[PDB]
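Asker: Sequence and experimental coordinates follow.
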Amino acid sequence: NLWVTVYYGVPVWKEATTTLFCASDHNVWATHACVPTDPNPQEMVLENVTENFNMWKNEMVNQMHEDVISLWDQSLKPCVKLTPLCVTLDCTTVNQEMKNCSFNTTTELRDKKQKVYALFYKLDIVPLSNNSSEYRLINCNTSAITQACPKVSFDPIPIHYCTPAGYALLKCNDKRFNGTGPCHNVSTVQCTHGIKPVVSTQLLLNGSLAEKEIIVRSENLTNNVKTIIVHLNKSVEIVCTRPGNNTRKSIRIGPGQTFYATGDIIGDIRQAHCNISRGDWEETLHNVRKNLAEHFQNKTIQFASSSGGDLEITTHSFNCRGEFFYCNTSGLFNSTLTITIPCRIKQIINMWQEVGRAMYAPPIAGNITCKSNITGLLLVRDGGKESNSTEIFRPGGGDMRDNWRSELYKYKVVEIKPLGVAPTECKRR
Amino acid sequence: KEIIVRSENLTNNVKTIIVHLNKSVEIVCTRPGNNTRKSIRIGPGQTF
Amino acid sequence: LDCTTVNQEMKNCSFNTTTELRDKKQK
Amino acid sequence: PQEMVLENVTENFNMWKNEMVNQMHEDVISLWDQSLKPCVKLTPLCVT
Amino acid sequence: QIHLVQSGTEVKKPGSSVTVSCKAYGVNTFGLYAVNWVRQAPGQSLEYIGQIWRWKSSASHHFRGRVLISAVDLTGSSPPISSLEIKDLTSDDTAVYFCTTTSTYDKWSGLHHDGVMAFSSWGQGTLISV
Amino acid sequence: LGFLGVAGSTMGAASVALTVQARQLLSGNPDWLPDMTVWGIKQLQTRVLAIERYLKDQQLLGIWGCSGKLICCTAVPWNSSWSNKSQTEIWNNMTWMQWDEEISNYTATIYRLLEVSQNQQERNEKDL
Amino acid sequence: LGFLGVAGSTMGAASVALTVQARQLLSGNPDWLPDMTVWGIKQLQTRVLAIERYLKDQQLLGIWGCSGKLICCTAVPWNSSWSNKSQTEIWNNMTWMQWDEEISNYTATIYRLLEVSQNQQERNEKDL
Amino acid sequence: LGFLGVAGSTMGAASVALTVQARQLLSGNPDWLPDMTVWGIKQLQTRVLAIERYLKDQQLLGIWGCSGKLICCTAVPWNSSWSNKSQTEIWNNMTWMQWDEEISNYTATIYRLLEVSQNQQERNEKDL
Amino acid sequence: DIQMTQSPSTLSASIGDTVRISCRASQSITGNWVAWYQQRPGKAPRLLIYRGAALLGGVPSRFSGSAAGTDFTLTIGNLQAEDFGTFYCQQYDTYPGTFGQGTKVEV
Ligand SMILES: *[C@@H]1O[C@H](CO)[C@@H](O[C@@H]2O[C@H](CO)[C@@H](O[C@@H]3O[C@H](CO[C@H]4O[C@H](CO[C@H]5O[C@H](CO)[C@@H](O)[C@H](O)[C@@H]5O[C@H]5O[C@H](CO)[C@@H](O)[C@H](O)[C@@H]5O)[C@@H](O)[C@H](O[C@H]5O[C@H](CO)[C@@H](O)[C@H](O)[C@@H]5O)[C@@H]4O)[C@@H](O)[C@H](O[C@H]4O[C@H](CO)[C@@H](O)[C@H](O)[C@@H]4O[C@H]4O[C@H](CO)[C@@H](O)[C@H](O)[C@@H]4O[C@H]4O[C@H](CO)[C@@H](O)[C@H](O)[C@@H]4O)[C@@H]3O)[C@H](O)[C@H]2NC(C)=O)[C@H](O)[C@H]1NC(C)=O
Ligand SMILES: *[C@@H]1O[C@H](CO)[C@@H](O[C@@H]2O[C@H](CO)[C@@H](O[C@@H]3O[C@H](CO[C@H]4O[C@H](CO)[C@@H](O)[C@H](O)[C@@H]4O)[C@@H](O)[C@H](O[C@H]4O[C@H](CO)[C@@H](O)[C@H](O)[C@@H]4O)[C@@H]3O)[C@H](O)[C@H]2NC(C)=O)[C@H](O)[C@H]1NC(C)=O
Ligand SMILES: *[C@@H]1O[C@H](CO)[C@@H](O[C@@H]2O[C@H](CO)[C@@H](O[C@@H]3O[C@H](CO)[C@@H](O)[C@H](O[C@H]4O[C@H](CO)[C@@H](O)[C@H](O)[C@@H]4O)[C@@H]3O)[C@H](O)[C@H]2NC(C)=O)[C@H](O)[C@H]1NC(C)=O
Ligand SMILES: *[C@@H]1O[C@H](CO)[C@@H](O[C@@H]2O[C@H](CO)[C@@H](O[C@@H]3O[C@H](CO)[C@@H](O)[C@H](O[C@H]4O[C@H](CO)[C@@H](O)[C@H](O)[C@@H]4O)[C@@H]3O)[C@H](O)[C@H]2NC(C)=O)[C@H](O)[C@H]1NC(C)=O
Ligand SMILES: *[C@@H]1O[C@H](CO)[C@@H](O[C@@H]2O[C@H](CO)[C@@H](O[C@@H]3O[C@H](CO)[C@@H](O)[C@H](O)[C@@H]3O)[C@H](O)[C@H]2NC(C)=O)[C@H](O)[C@H]1NC(C)=O
Ligand SMILES: *[C@@H]1O[C@H](CO)[C@@H](O[C@@H]2O[C@H](CO)[C@@H](O[C@@H]3O[C@H](CO)[C@@H](O)[C@H](O)[C@@H]3O)[C@H](O)[C@H]2NC(C)=O)[C@H](O)[C@H]1NC(C)=O
Ligand SMILES: *[C@@H]1O[C@H](CO)[C@@H](O[C@@H]2O[C@H](CO)[C@@H](O)[C@H](O)[C@H]2NC(C)=O)[C@H](O)[C@H]1NC(C)=O
Ligand SMILES: *[C@@H]1O[C@H](CO)[C@@H](O[C@@H]2O[C@H](CO)[C@@H](O)[C@H](O)[C@H]2NC(C)=O)[C@H](O)[C@H]1NC(C)=O
Ligand SMILES: *[C@@H]1O[C@H](CO)[C@@H](O[C@@H]2O[C@H](CO)[C@@H](O)[C@H](O)[C@H]2NC(C)=O)[C@H](O)[C@H]1NC(C)=O
Ligand SMILES: *[C@@H]1O[C@H](CO)[C@@H](O[C@@H]2O[C@H](CO)[C@@H](O)[C@H](O)[C@H]2NC(C)=O)[C@H](O)[C@H]1NC(C)=O
Ligand SMILES: *[C@@H]1O[C@H](CO)[C@@H](O[C@@H]2O[C@H](CO)[C@@H](O)[C@H](O)[C@H]2NC(C)=O)[C@H](O)[C@H]1NC(C)=O
Ligand SMILES: *[C@@H]1O[C@H](CO)[C@@H](O[C@@H]2O[C@H](CO)[C@@H](O)[C@H](O)[C@H]2NC(C)=O)[C@H](O)[C@H]1NC(C)=O
Ligand SMILES: *[C@@H]1O[C@H](CO)[C@@H](O)[C@H](O)[C@H]1NC(C)=O
Ligand SMILES: *[C@@H]1O[C@H](CO)[C@@H](O)[C@H](O)[C@H]1NC(C)=O
Ligand SMILES: *[C@@H]1O[C@H](CO)[C@@H](O)[C@H](O)[C@H]1NC(C)=O
Ligand SMILES: *[C@@H]1O[C@H](CO)[C@@H](O)[C@H](O)[C@H]1NC(C)=O
Ligand SMILES: *[C@@H]1O[C@H](CO)[C@@H](O)[C@H](O)[C@H]1NC(C)=O
Ligand SMILES: *[C@@H]1O[C@H](CO)[C@@H](O)[C@H](O)[C@H]1NC(C)=O
Ligand SMILES: *[C@@H]1O[C@H](CO)[C@@H](O)[C@H](O)[C@H]1NC(C)=O
Ligand SMILES: *[C@@H]1O[C@H](CO)[C@@H](O)[C@H](O)[C@H]1NC(C)=O
């Protein structure tokens, strides 16, 4: 009558987690840490299938964060260390954003010392005593400084995460997807689109734009501590620079280990600053405000500057040609032809929020200028029922993973079970 | 069951004899003091 | 190590060593 | 070892674009480096 | 972690409409989490009033055209909400109504089928008399 | 069609073009990684695990007598207690996902039966 | 005889000794390299790649109606738009290398036709 | 009965449960040691070696026409020179280990005869 | 529609005893697809077992379920300390679902 029949190739999938690799179309990503390849990609559109998605527990972002940290560490380790720099620095006025400091170091011969001098930003300097003229670097008691490695480039490049054999990626193509819920238009792929691992705070930069209109997403809107990601459809133009003409000196601190520092500054004292197109910014603030009014009832929405705190979390942060800019955005998010914001810069950068590791970025010789697109915002709701009329939002940083969720929220990883059994009229074998 | 005696060559006199017991014996022991853990900054984050 | 009595199985030893600043010493 | 003689074939050789030599070269330097790394380093001899 | 707060007891003269509210504390959204309304009268027979699932609302045959089930997603000042509305009430509708929420993300867990499902979380129920 | 193109199609349609799904299981990345990387070891782990899974599935197929058959036909009767639904209903108004979910409890035992059946057959093939 | 000793022989003579070539795609693997160096990773490199290639070839054979057979007669007619030579000329005055070179443009089409023919045969068998 | 449970059983009784022995050749541990350790390299080596050994055994079986079979009839005559014992004594009095002991010198010849026999059979398949 | 019937209607019990409640369906349920619930007087129902014989978390390990072709049996073994109230058998094979009449347990 009815007999069993086994089928190989049955299209059924489970939810699963795996080690996804990456691919790219000197630089750490391009020539290390995953393969260079980009053949004709295979994208297909499934029919009559609905798939559930929730971006707020997805192992893609954890894997990407771990890979980014590991790659940066592996890049930093195989070159110069800065243990002899942690000495007493005699600092004086430049003769206002820097200080001229002289200090004693070793040389090519261990029985001889040398006197050298360099310019240092005061954000990289800590005093030793109130009634004294002694100074040291920030991370000389809490970590060990490693110099950013001059021949390698810390420039983001597009990267594609790719699934191994026996796995697949499902992509939600539904317009205006907020990351949680069913998906009625699903596609299958093997490799994600171009993802640029850019690290920034308070302003998402160089990202893919929303398809139709602004998308607002958070893990829990009712909670206030959680970050709110805003994904715009119109990119904003932000171009900015350190214009001061610098010159870097090479200091021999040992047998072949050279330490580069700000040898001198020439020209007029000009401050590093960021320009943003003002009219586009006003338009995008209006669009974000009236879009976010939907999720928050009839209560009015106000924007205010970031609360006081550490420079890393309070100020917007980014990197340009290796120079680390901390910009005070106290006028961008101040609401209810060009807008200019101040930008300090820092050399001893202690990112990844770990301890015992810190990096020193040598200054580029000439001035630095670079242009980019603001493609998203990270906003934080202020807690407390101070008023029942207006709800005020602030710039917000927090976990670095939020910088990548906006690019990885369409994707799901699924395992394939190819073996099935079914009854059929076939008997003979 | 009971005590086991092992040796890869018992007639040799320079080879270890292993004795496996069937009843465990109780040994409890201690350093009964009060030593405070002094921390010294050896270098940049190194602590002794 | 400059060692003296405990003031019987230990000795009280003082020594010079490095510190956070490489150009300074501590006792 | 196994060696067999191909009777009726004719093969084109070019010794100047053979990857065998490059692979051997890379192995030689890598091996020498990993041999000289795990022991004494003459950092304090650089004196007057 | 997951709680369901329901409206208060309210007794009405027969011949009017009634609304009942269910408030889901801890539910991220009504995607991945289906809401099912059930009834329990004296006689201790649990029925099945209706559901909202995948933003589609449906009701059983005994109540088609009689009950409207609505839902509003997570907002800033209010967790997800669901609501029963009975247009007309007879003498036999006196009962305690229960709101239930069931996770629908796994797609392989045994707690749900494509349309009919068990009830993982239960509210405290609203008593209605006529 | 393409890989997993027939997910929404019913089982009758999915019976065609199983070869795309079968062939996708072994396609891989010809390139590899340079030395001294945990990334390389993770990649090696992943692909060795993939090979092991494929080999296990193929061996399980072979023990049942379907060494090189995608749609082979065994000789085990289908107990109605496993899943008692009409042939037309199963092959015309149901996807493979719903089917695999609805017979999840009875899968393991079914496998054992297949084993025994083939073994019996093999023994008879030497006793006849 | 040897591994490739029939390289210069015509295909008719070469068809008799395919076992040696088939066997050497897997044998010859030595013991392991104890050191965790670049060399060990490159060994693991090459041998996992070899396993993947062999499994791919075997799967290609098995999807076709040629599982477990070194020589296999399929049921796809030989389109004359492909190589059009007399059987005597093919099997007595031509080596395998020249034959593979001449028909290089039609290999993908031949493989696809073999795939669809075997799928049709399996469907017919299950339906008849 | 479980794995290696039929070691003491005679050859006749042991043939009933070869699947239990066969299946354990692939079962393993899917986890991994993620610490760049030499332990991870050694584990990955032993797993690749196991895969290679299994694949070699399957290839050797397939060369003899017994690809999808655990018990297979090969149709090559049994030379009385390599073993001359009564069928009852072989199948009801000797364990498999003693059997492999008493024909140790002759396994290579048996294997070569098997491969030549299938080569002849495959050639005749297209000859006639 | 699919109906069910539970048995026994009511049973006495005691501390440490093992009890069994069997619900039978009007149609054989291919999958397990049956759920077991508790309900104390004046409280809300609590899901005990789903998928025939799957045990949730927090619920004690003493509960067990057996799924035959048509008859489903809930085994509450080793009634410890506090006794229980009303037990319920529910099916979710076809739409709409249906609950059983219910059984009561007492000391
Ligand atoms: C992330 O992104 C996601 C998308 O990417 C996003 O998803 C979106 O979520 C929102 C949730 O906020 C969804 O919007 C809601 O949708 C709900 C579901 O609505 C469906 O069902 C109703 C009802 O349909 C039944 O009845 C009609 C009657 O004609 C029949 O026609 C139907 O067939 C059906 O009848 C069957 O079922 C009955 C049982 O229920 C049986 O009795 C019957 O016999 C049948 O079997 C439909 O009307 C809806 O259709 C509407 O839209 C289509 C679109 O084509 C129109 O054609 C159609 O005409 C309708 O307009 C839909 O199918 C809604 O319930 C919900 O509505 C509430 O909110 C809106 C907006 O604020 C209000 O205007 C509305 O009045 C509702 O508010 C009431 O309910 C709340 C509940 O708390 C109360 O608080 C509120 O005060 C108000 O209550 C008042 O009215 C009650 C009566 O209604 C009364 O009882 C009360 O007492 C009080 O007076 C809302 O629209 C949206 O669809 C999703 N988007 C999708 C799916 O694309 C997600 O949110 C994002 N996440 C986050 C965190 O942001
Ligand atoms: C968002 O995305 C934008 C993309 O445009 C990024 O901006 C680009 O950033 C890259 C890297 O910082 C810039 O590329 C660099 O430009 C330098 C200056 O170029 C001028 O000078 C050279 C001198 O020859 C001219 O040829 C050139 O035409 C320009 O006039 C180069 O000097 C850099 O060279 C690098 O590579 C060489 C390779 O040999 C090395 O030797 C160098 O040392 C150096 O490493 C490099 O080409 C690019 O110009 C930027 N574009 C724009 C439009 O500004 C943003 O940085 C990004 N934002 C964030 C936050 O990531
Ligand atoms: C998103 O963030 C919001 C907060 O902004 C968060 O809402 C909170 O959820 C918890 C969990 O349900 C709520 O705590 C409960 O609130 C109810 C309200 O009536 C109380 O009755 C509960 O107390 C009973 O239950 C407790 C055990 O759970 C007993 O210990 C207690 O004695 C009572 O019997 C319980 O306190 C909390 O009230 C809300 N807060 C707000 C402001 O709504 C929501 O859960 C977050 N979402 C996610 C998915 O995490
Ligand atoms: C365990 O340890 C014991 C020692 O406590 C050890 O016993 C020793 O074994 C050696 C084995 O060679 C004995 O040496 C032999 O003694 C005999 C006694 O007559 C001699 O005839 C032998 O001489 C011949 O062989 C020599 C080469 O070995 C020739 O040079 C010579 O010309 C003869 O041809 C030889 O000396 C030794 O006497 C004992 N000693 C004792 C105390 O028993 C025992 O072997 C160890 N067990 C194992 C398993 O190793
Ligand atoms: C940072 O401080 C150091 C130490 O004071 C400065 O180095 C010294 O700077 C002085 C003043 O510019 C130089 O003196 C000049 O020397 C020339 C030599 O021809 C002499 O003709 C001038 O009259 C004047 O005295 C001195 O040479 C220089 N020494 C060294 C070793 O650099 C340094 O300039 C300061 N940096 C900045 C940016 O101000
Ligand atoms: C039919 O198949 C389903 C699916 O396997 C069976 O449900 C399974 O039941 C077991 C035993 O109750 C569950 O194991 C338990 O898991 C929980 C998870 O928290 C754990 O805490 C317990 O200690 C126990 O290990 C298993 O999870 C559950 N499966 C799923 C997917 O939830 C069901 O029992 C089967 N019906 C039969 C055999 O009649
Ligand atoms: C469902 O999603 C697919 C995939 O994004 C859509 O198909 C694409 O549509 C865009 C324009 O809308 C084309 O440029 C692409 O070439 C299409 N790709 C494929 C594979 O078809 C499709 O339009 C969506 N359909 C609906 C109803 O939303
Ligand atoms: C980006 O998205 C915004 C948000 O919708 C778009 O703004 C809309 O512009 C149209 C113009 O006809 C108005 O009718 C809508 O009311 C606007 N929507 C909102 C929410 O304000 C904007 O047009 C989009 N820009 C691009 C380039 O796609
Ligand atoms: C950023 O914008 C500022 C403001 O327009 C530019 O600075 C001006 O430059 C012009 C000539 O270059 C001067 O006449 C003005 O006095 C400057 N104003 C200020 C406030 O500095 C600056 O050049 C812009 N920078 C970039 C990189 O675009
Ligand atoms: C960023 O800059 C703004 C102004 O450019 C700072 O705000 C000023 O704060 C001081 C006190 O520290 C007040 O006296 C001023 O009135 C503020 N300015 C205005 C326009 O109101 C802000 O403190 C800066 N933040 C950081 C982190 O540097
Ligand atoms: C452990 O093993 C010893 C043997 O060494 C046991 O002691 C024996 O006890 C029996 C009692 O029937 C006596 O006849 C023997 O003379 C004892 N042997 C010795 C050497 O004294 C002892 O009872 C065992 N203990 C346990 C807990 O198993
Ligand atoms: C080990 O045993 C000794 C001997 O009993 C213990 O030392 C005695 O402790 C008691 C009080 O606890 C004193 O009154 C005696 O004077 C101690 N005698 C000696 C010789 O020390 C000791 O406390 C035990 N230690 C442990 C860890 O069990
Ligand atoms: C910035 O946006 C413009 C507008 O489309 C685009 O042409 C340009 O490529 C973008 N640049 C980056 C770095 O994303
Ligand atoms: C906004 O900017 C104006 C002028 O730039 C300033 O007067 C005002 O204090 C600012 N408000 C906030 C909240 O920063
Ligand atoms: C430095 O400034 C000059 C003008 O002051 C400008 O032309 C040049 O582009 C700047 N340098 C860089 C690297 O952009
Ligand atoms: C050891 O010293 C600490 C120091 O605060 C004290 O609290 C503790 O009681 C001492 N222990 C003994 C056993 O004296
Ligand atoms: C999807 O379903 C519709 C009707 O249910 C059918 O016509 C269509 O062929 C289906 N698509 C696929 C890919 O099976
Ligand atoms: C090589 O070619 C000659 C030509 O006559 C032929 O006799 C000989 O058998 C060939 N060798 C092989 C190995 O086929
Ligand atoms: C193939 O060759 C034969 C000669 O045997 C010839 O008759 C026929 O026309 C050829 N076909 C084509 C398509 O050239
Ligand atoms: C062991 O040998 C005895 C013969 O005395 C036999 O009866 C028994 O069945 C054997 N056991 C197994 C497991 O083969």
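Answerer: Now that the structure is in, tell me what you want to look at. Residues are numbered from 1 along each chain as shown, chains lettered A, B, ... in the order given. Ligands and ions are numbered 1, 2, ... in the order given.
Asker: Every contact and neighbour count from this point should use C-alpha atoms.
Answerer: Will do.
Asker: Just give me the neighbour total for residue A:37.
Answerer: Residues near residue A:37, counting by other C-alpha atoms under 10 Å in any protein chain shown, number 13.
Asker: what's the distance between it and chain I?
Answerer: 46 Å (C-alpha to the nearest C-alpha, to the nearest Å).
Asker: That residue and residue A:25 touch, don't they?
Answerer: Yes: at 5.9 Å, residue A:37 counts as touching residue A:25 under the criterion of C-alpha atoms under 8 Å.
Asker: Name the helix or strand for the residue sitting nearest the centre point of chain E, please.
Answerer: Nearest to the geometric centre of chain E sits residue E:37, at 2.7 Å (C-alpha atoms, centre = their mean). In the assignment (DSSP states H and E), residue E:37 maps to strand E:33-40.
Asker: Which neighbouring elements make contact with that strand?
Answerer: strand E:50-53, strand E:95-103 (3 or more C-alpha pairs under 8 Å, 6 or more residues apart in numbering or on different chains; DSSP states H and E).
Asker: now these as CSV including distance to chain D and mean neighbour count?
Answerer: Shown next, in CSV, are these (distance: least, C-alpha to the nearest C-alpha, whole Å; neighbours: other C-alpha atoms under 10 Å in any protein chain shown):
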stretch, distance to chain D, mean neighbour count
strand E:50-53, 63, 23
strand E:95-103, 56, 23
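Asker: Pipe these into a markdown table and attach distance to residue A:413 per row.
Answerer: Listed next are these as a markdown table, based on distance: least, C-alpha to C-alpha, whole Å:
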| stretch | distance to residue A:413 |
| --- | --- |
| strand E:50-53 | 24 |
| strand E:95-103 | 20 |
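Asker: Which among those strands is found nearest to ligand 18?
Answerer: For the helices and strands packed on strand E:33-40, proximity to ligand 18 was assessed by C-alpha to the nearest ligand atom; strand E:95-103 is nearest, at 71.5 Å.
Asker: Next one: the helix or strand that comes right after that closest one, is it in contact with ligand 3?
Answerer: Going down the chain from strand E:95-103, the next helix or strand is strand E:121-122, by DSSP H and E. No: Strand E:121-122 lies out of reach of ligand 3 by C-alpha under 6 Å from any ligand atom, never closer than 11.8 Å.
Asker: Repeat that for stretch I:37-54.
Answerer: No: if you take C-alpha under 6 Å from any ligand atom as the test, stretch I:37-54 misses ligand 3, and the best it gets is 12.8 Å.
Asker: ok now that stretch, how far from the chain's centre?
Answerer: 7 Å (C-alpha atoms, centre = their mean, to the nearest Å).
Asker: State the three-state secondary structure for residue A:67.
Answerer: Three-state call for residue A:67 (DSSP: H, G, I helix; E, B strand; the rest coil): helix.
Asker: which stretches of chain A form helices?
Answerer: Per DSSP state H, chain A carries helices over the ranges A:59-76, A:278-295, A:311-314, A:402-408.
Asker: quick one: buried residues of the last one?
Answerer: To tie it back to what came earlier, the one meant is helix A:402-408. Residues of helix A:402-408 classed as buried: A:402, A:403, A:404, A:405, A:406, A:407, A:408 (neighbour count, 16 or more other C-alpha atoms under 10 Å in any protein chain shown).
Asker: In JSON lines: those residues, plus distance to residue A:189.
Answerer: As requested, the buried residues of helix A:402-408 are arranged in JSON lines below (distance: C-alpha to C-alpha, whole Å):
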{"residue": "A:402", "distance to residue A:189": "23"}
{"residue": "A:403", "distance to residue A:189": "23"}
{"residue": "A:404", "distance to residue A:189": "19"}
{"residue": "A:405", "distance to residue A:189": "18"}
{"residue": "A:406", "distance to residue A:189": "18"}
{"residue": "A:407", "distance to residue A:189": "15"}
{"residue": "A:408", "distance to residue A:189": "13"}
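Asker: In JSON lines: those residues, plus distance to ligand 7.
Answerer: Below are the buried residues of helix A:402-408 laid out as JSON lines (distance: C-alpha to the nearest ligand atom, whole Å):
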{"residue": "A:402", "distance to ligand 7": "24"}
{"residue": "A:403", "distance to ligand 7": "24"}
{"residue": "A:404", "distance to ligand 7": "21"}
{"residue": "A:405", "distance to ligand 7": "19"}
{"residue": "A:406", "distance to ligand 7": "18"}
{"residue": "A:407", "distance to ligand 7": "16"}
{"residue": "A:408", "distance to ligand 7": "16"}
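Asker: Mind telling me which residue of chain E is nearest ligand 14?
Answerer: Counting by C-alpha to the nearest ligand atom, chain E gets nearest ligand 14 through residue E:76, at 23.1 Å.
Asker: Tell me who's in contact with residue 20.
Answerer: Since you didn't name a chain, this refers to chain A. A:161, A:162, A:163, A:164 (C-alpha atoms under 8 Å, 6 or more residues apart in numbering or on different chains).
Asker: Not quite, go with chain I.
Answerer: I:73, I:74, I:75, I:76.
Asker: what's the closest non-adjacent residue to the first one?
Answerer: On the basis of C-alpha to C-alpha, 6 or more residues apart in numbering or on different chains, the spatially nearest residue to residue I:73 that is not a chain neighbour turns out to be residue I:22, at 4.3 Å.
Asker: strands paired with the host helix or strand of that neighbour, and their directions?
Answerer: Taking DSSP H and E as the definition, residue I:22 sits inside strand I:19-25. Note on strand I:19-25: by DSSP bridges, its sheet partners are strand I:4-7 (antiparallel), strand I:71-76 (antiparallel).
Asker: residue closest to the middle of chain I?
Answerer: Centre-nearest of chain I using C-alpha atoms, centre = their mean is residue I:36, 3.6 Å out.
Asker: My understanding was that it contacts residue I:45; is that so?
Answerer: No: the pair residue I:36 / residue I:45 is not scored as a contact, 10.1 Å apart, by C-alpha under 8 Å.
Asker: So which residue of chain F lies furthest out from the middle?
Answerer: residue F:36 (37.1 Å).
Asker: can you give me the helices in chain I?
Answerer: Counting by DSSP H, chain I contains no helices.
Asker: mind listing what the residue in it that chain B sits nearest to touches?
Answerer: The nearest approach of chain I to chain B comes at residue I:61, 35.7 Å away (C-alpha to the nearest C-alpha). Contacts for residue I:61 (C-alpha under 8 Å, 6+ apart) come out as residue I:55.
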